[PDB]
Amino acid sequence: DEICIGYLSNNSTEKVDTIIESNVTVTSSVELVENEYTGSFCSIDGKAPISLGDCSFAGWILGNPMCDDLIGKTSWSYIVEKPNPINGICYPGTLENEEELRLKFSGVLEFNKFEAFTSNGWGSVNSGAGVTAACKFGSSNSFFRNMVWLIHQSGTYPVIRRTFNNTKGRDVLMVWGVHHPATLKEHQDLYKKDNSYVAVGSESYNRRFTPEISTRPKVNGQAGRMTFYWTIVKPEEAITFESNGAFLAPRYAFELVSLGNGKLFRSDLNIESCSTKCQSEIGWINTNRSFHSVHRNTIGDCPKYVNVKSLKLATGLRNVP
């Protein structure tokens, strides 16, 4: 009469590694890493993201006139830009510190666009022409909606000066620009004088800007350039714009309403109406696992990204009949 002591042997075909032995079959093992993903943008806890449609970050912030589908997209879990948008800074130029502003907007989840300066309220100066073939609306000549391109009234551009008193109790993002005409004549015809300034000042900000007149190679048919600036007017700060020309005057500004952990993805993928605990640059991840190797650029409650495509962790015994 007899009794033996033993362990489990198994149908299991699953292998794991140690430092001294590879491809060791065991009675059971878990895969720790997740690699399947879907390949659209979902909402994070039911909060939808926004598409910039066919606009650059810059085109959206400056109000490229073909970016009107975007008006009233004012809150988001995150933002999707396409990698080569068609509607940028249409009048050729640059937005100073565009990258620092891009980072700000990684931290912004809701803004509210308002009129900080009436288009009409700048004095003896033409608010009315200020349109160009570079910045078309339909087939018709327009300009960035968030600023107004002031020119002479009746053969004179006076010294114009207005102040914005930030009474919103929150950070206001303000944008404006300076015109860099191609020739002295373009300067004369628009600002009825030879050389102008833009002077911007708050309790914390202080800059003079001047046109730089020179012929550059044409972009959207323009030899001239514009440089667009932004700053944050903090609550209770007043900010004064003085100018006698070359001024892309502020009109619309953005009250920074909700801060929080956002992102800007660059991708061609489509926003769908689904939810995900976790969203990556190349698709959403739906997993109970705590590691993944889909893509490092992730938002939501996510597994730790790792280089390794598989971690087979032994639970069971060595398995030998």
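Note that residue numbering follows the sequence shown and begins at 1.
As the entry records it, the average C-alpha temperature factor is higher for 133-141, out of 241-249 and 133-141. Which of 152, 185, 162, 180 has the largest Cα B-factor in the deposited entry comes down to 185. When the CA B factors of the chain's modelled residues are split into thirds, the value for residue 123 lands in the middle one.
Among the modelled residues of its chain, residue 42 has a C-alpha B-factor that falls in the highest third, as given in the PDB entry. In the PDB entry, residue 52 places in the lowest third of its chain by CA B-factor. Among all modelled residues in this chain, the alpha-carbon of residue 82 has a temperature factor (C-alpha) in the highest third. Annotation for residue 64: CA B-factor lies in the lowest third of the chain's modelled residues.
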